[PDB]
Amino acid sequence: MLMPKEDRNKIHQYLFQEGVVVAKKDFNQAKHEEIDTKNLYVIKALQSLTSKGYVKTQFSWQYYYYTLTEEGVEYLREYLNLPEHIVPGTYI
Amino acid sequence: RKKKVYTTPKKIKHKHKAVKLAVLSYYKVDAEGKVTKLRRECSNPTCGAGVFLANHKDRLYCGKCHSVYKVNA
Amino acid sequence: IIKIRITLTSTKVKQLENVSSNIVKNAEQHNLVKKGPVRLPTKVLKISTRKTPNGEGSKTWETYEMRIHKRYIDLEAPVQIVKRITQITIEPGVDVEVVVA
Amino acid sequence: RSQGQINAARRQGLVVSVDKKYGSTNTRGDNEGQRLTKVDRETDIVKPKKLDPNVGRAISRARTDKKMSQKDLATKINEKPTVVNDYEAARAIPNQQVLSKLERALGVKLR
Amino acid sequence: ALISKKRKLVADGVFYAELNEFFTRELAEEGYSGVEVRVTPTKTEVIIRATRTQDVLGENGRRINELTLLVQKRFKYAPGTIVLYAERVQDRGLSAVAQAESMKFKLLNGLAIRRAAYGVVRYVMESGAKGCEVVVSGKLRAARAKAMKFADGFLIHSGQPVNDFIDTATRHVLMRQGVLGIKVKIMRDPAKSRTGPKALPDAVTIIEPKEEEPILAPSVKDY
RNA sequence: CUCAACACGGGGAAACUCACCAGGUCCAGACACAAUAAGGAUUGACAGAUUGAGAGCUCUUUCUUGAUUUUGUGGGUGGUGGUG
């Protein structure tokens, strides 16, 4: 993917912010409903993460389900943020 | 369907490879040390004096825009 | 006091009638005029698929039904006792809406 | 086990452990034959040696990107070319004999 | 609101079916058996019926706070208006969905077909079932498919009592040779049935009378 | 392709469906290794030619982009492709 760097930042921060992405299996879907980027970018960015680890995907009823694993939460820190921040629902 | 014939002329032709010229960022340099504008800047408020207007033949064309900035001269 | 209306809609007969019974039981626990449960005609929602995937075989047909039972009770009550009776009788499978006037 | 004591313990007694083995002689070993009972008597679901997290990713390249193909690689380890296919990234239950032949045919010391 | 009850009640059904298929796919490794939704004002709630709740409820609230987000992101719920509970299973030896997943994962550990299946039927009989039956259909050990069925007790499959006392589950297990089909039918006995009918429709019980005294002593007793 | 194919595939197809035919784009080829590469890996484009076409397809021209791509080697993925 070309996927310009200011759109990795929107995708990767939101995955850090909540820990989950669902995103609607439909390519060329023109501005995904939660992140301000395209829906094709959301599906293909997190395919790159999944093949190397870092996130687990579930597919059901034309929808994806992305869950940030423990090897990905530590990696996504230095990509975007500083330490001692909790991505997932681990925050009580 | 057994095979393909490709009656079109045998075109495995591809795009220009974002044509690799030499170093090109040159306003012009005089001796010690000044520099002056050539291939002048754009009239766009969103082009903050950093873009070069190509002059092909009686055209001034900006590349910051996707398609079209025509201040022709 | 205020004129109220409670509308009940479900797909289960046994789970709906006892909820309306609790509504009326709380209605004459502390007495007030009923306009008790007026049962609307039951709705049968029919889907007629064929039977199969691919059309081989005798042309056999199925019909599937969902039954919608609807009941409305037109009460009047003081403003205080409205919230408690609308919140106590909450049961799975039964959809309750309350119209203010 | 292997000649550590089975000659030293045979000092003029000649019978300790002379019973016969399980008896296949070409069917593979019993390295999970103990685990086969445990999954039989335990009346729930148990997870079968889940995945190959980095022994998949790192050792596929060290083996196959060097010179070889999986159609070649599965031929010298004598398995079907889809067995190595599911040892590539994920989606396998790793058994010992296949993973041992994977190691000794291409050298990379990750188990 | 502003939706007709015909479309409202149907949409509640498809929402339930989407949730159920999600949790079968997601909580496959935790022995999931079902859900039920309780549509209430102020945070409609969802209960998950899975055997190992200590696995479904992850470490320090993970693995169900994640699933709470996954549901409300996909179904566009407001935050905090859905919560996910996990109470475990009522007698997992008698659920055909849970006993089919047990049958499925026992096959994927390389258990023999006749041993993995007789270990499921004897567990269901131990759980107080009146009859259950397990069918394995596919290419079992050859290139030409067969079907083996394993049964104990008795099962009724005739009529309305099928809707009362039969629980069925179908599972696709993915093997090296192809796909095998798992079908589990379990007939819970009507004696331990809490709700609904408690007996088969053609079962009659005669109350045993108490014998009386013949002469009965003709007399009067007064107050 | 007898009952158990032939107003059947819920098959009343103008595009879409669509699998077929004459043609044009795009990668939606993840990851790993190696190479090119901040003396720029690469991306996009006005006008004209060209094209069914306001497809920068491809070419003429010279701007823009900046490390995500490109090339090669393995793979990955998709398939209303085959085998009921």
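Residues numbered from 1 in each chain as written, not as in the entry; some residues may be left out. Chains lettered and ligands numbered in written order. Part of a larger assembly, values for the part shown. Heavy atoms only, no water. Residues with missing side-chain atoms left out of burial classes, pairs and counts.

- Method of determination, as annotated in the archive: cryo-EM, at 3.0 Å resolution.

**Topic: the overall build of chain D**
Point 1. In terms of regular secondary structure, chain D is built from four helices and zero strands.
Point 2. Starting at the N terminus and ending at the C terminus, chain D contains elements arranged as α-α-α-α.
Point 3. What you see for chain D is a C-alpha radius of gyration of 19 Å, clearly larger than the 13 Å of a compact globule of 111 residues, by over 25%.
Point 4. Residues counted as buried form 26% of the 111 residues belonging to chain D.
Point 5. Restricting to contacts in chain D with at least 6 residues of sequence separation, those with at least 24 account for 48%.
Point 6. A total of about 8,500 Å² of accessible surface is found on chain D, and carbon and sulfur atoms cover 50% of it.
Point 7. Computed over 25 positive and 13 negative side-chain charges, the inter-centroid distance for chain D is 6 Å. (Helix = DSSP H or I, 4+ residues; strand = E, 2+ residues; numbered from the N terminus. Rg over C-alpha atoms; globule rule 2.2 N^0.38 Å. Buried < 20%, exposed > 50% of the residue type's maximum accessible area, 1.4 Å probe, protein only. Contact = heavy atoms within 4.5 Å. Areas by Shrake-Rupley, 256 points an atom, 1.4 Å probe, with all protein chains shown as cover. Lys, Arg positive; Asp, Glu negative; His and termini not counted. Charge placed at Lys NZ, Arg CZ, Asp CG, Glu CD.)

**Description of the protein's contact with RNA strand F**
Point 1. As a structural note, the neighbourhood of RNA strand F is formed by 52 residues, with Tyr61(B), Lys64(B), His66(B), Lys59(C) and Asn85(D) the closest of them.
Point 2. One of the backbone nitrogen or oxygen atoms of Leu2(A) is found 3.2 Å away from a base nitrogen of RNA strand F.
Point 3. A distance of 2.9 Å separates a sugar or linking oxygen of RNA strand F from a polar backbone atom of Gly63(B).
Point 4. Mapped by element, the contributors of at least two residues to the surface near RNA strand F are α2 (39–51) of chain A together with α2 (53–65) of chain D.
Point 5. Here the surface near RNA strand F is composed, by residue class, of 14 nonpolar, 21 polar and 17 charged. (Near = heavy atom within 4 Å. Polar contact = N/O pair within 3.5 Å; in protein donor to acceptor, adjacent residues only side chain to side chain. Nonpolar A, V, L, I, M, F, W, Y, C, P; charged D, E, K, R; others polar.)

**A few points about the interface of chain C and chain E**
Point 1. The partner chain E presents nine residues to the 11 residues of chain C that form the contact.
Point 2. Roughly 870 Å² is buried in total at the junction of chain C and chain E, and carbon and sulfur atoms are behind 72% of that figure.
Point 3. Across the contact surface, chain C and chain E share two salt bridges.
Point 4. For the salt bridge of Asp95(C) with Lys5(E), the shortest nitrogen-to-oxygen distance reads 3.3 Å.
Point 5. Taken together, the connections running from chain C to chain E amount to one residue pair in polar contact.
Point 6. Counting only elements with at least two residues in the side of chain C that touches chain E, the list comes to β4 (43–47), β5 (64–73) and β7 (94–99) of chain C.
Point 7. Classifying every residue of the side of chain C that touches chain E gives five nonpolar, two polar and four charged. (Buried area = accessible area lost by both parts, 1.4 Å probe. Salt bridge = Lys/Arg side-chain N within 4 Å of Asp/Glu carboxyl O.)

**Considering the pattern of salt bridges**
Point 1. Applying the stated criterion across every chain yields a total of 26 salt bridges over all chains.
Point 2. Between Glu28(C) and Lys34(C) there is a salt bridge, and its shortest N-O distance comes to 2.5 Å.
Point 3. In this structure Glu28(C) comes out as partly exposed when scored by relative accessible area, which is 49%.
Point 4. Of the residues examined, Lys34(C) reaches a relative accessible area of 24% and is grouped as partly exposed.
Point 5. Across the pair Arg49(E) and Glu87(E) runs a salt bridge, and its minimum N-O distance is 2.2 Å. Residue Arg49(E) is found in strand β2 (residues 44–50), and its partner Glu87(E) is found in strand β3 (residues 82–87); the two are separated by 38 residues along the sequence.
Point 6. The exposure class of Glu87(E) is partly exposed, given its relative accessible area of 31%.

**Here we look at the sheet that holds strand β1 (residues 20–21) of chain A**
Residue and element names in this part refer to chain A.
Point 1. Read across the sheet, three strands follow the order β1-β3-β2 without closing on themselves; strand pairing throughout is antiparallel. In this open sheet, the two strands that pair with only one neighbour each are β1 and β2 (55–59).
Point 2. Strand direction decides the pairing type here: β2 and strand β3 (residues 64–68), joined by five bridges, are antiparallel. Its bridge partner being in β3, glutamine 58 is matched across the sheet by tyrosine 65. (Pairing = 2+ DSSP bridges.)

**What about the packing of helix α1 (residues 5–26) of chain E against helix α3 (residues 65–74) of chain E?**
Residues and elements named next belong to chain E.
Point 1. Taken N-terminus to C-terminus, the directions of α1 and α3 make an angle of 145 degrees; their axes are 12 Å apart at the nearest point. Considering only the axes of α1 and α3, their crossing is right-handed. Across from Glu18, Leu19, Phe22 and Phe23 in α1, the residues of α3 making contact are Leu67, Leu70, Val71 and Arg74.
Point 2. Taken together, the residues that form the contact of α1 with α3 break down as six nonpolar, no polar and two charged. (Axes fitted to C-alpha atoms, helices over the stretch in contact; angles between N-to-C directions. Left-handed = near helix turned anticlockwise from the far one by under 90°.)

**Some remarks on the interface of chain E and chain A**
Point 1. Taken together, the contact pairs 16 residues of chain E with 20 residues of chain A.
Point 2. At the level of secondary structure, the elements contributing two or more residues to the side of chain E that touches chain A comprise α1 and α3 of chain E.
Point 3. Tallied by class, the residues present in the side of chain E that touches chain A amount to five nonpolar, two polar and nine charged.

**Side note on a negative patch on the surface**
Point 1. Among the surface-exposed residues, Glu70(A), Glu71(A), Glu74(A), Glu78(A) and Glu59(E) lie close enough to one another that they form a single negatively charged patch.
Point 2. For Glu74(A), the location among the structural elements is in the loop between α3 (70–73) and α4 (75–80). (Patch = residues over 30% accessible without salt bridge, like charges linked within 9 Å, V, L, I, M, F, W, Y side chains within 5 Å.)

**Focus on the packing of aromatic side chains**
Point 1. Using the criterion set out here, one finds 11 aromatic pairs over all chains in the structure.
Point 2. Their ring planes at 20 degrees and their centres at 5.7 Å tell us that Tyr64(A) and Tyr66(A) sit as a pair that is stacked.
Point 3. For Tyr66(A), a relative accessible area of 3% corresponds to the buried category.
Point 4. Their ring planes at 80 degrees and their centres at 4.7 Å tell us that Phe15(E) and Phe75(E) sit as a pair that is edge-to-face. Note that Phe15(E) is positioned in helix α1 and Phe75(E) in the loop between α3 and β3, a separation of 60 residues in sequence. No difference in accessibility class separates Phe15(E) from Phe75(E), as the two residues are buried. (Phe/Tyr/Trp six-rings, centres within 6.5 Å; stacked < 30°, edge-to-face > 60°.)

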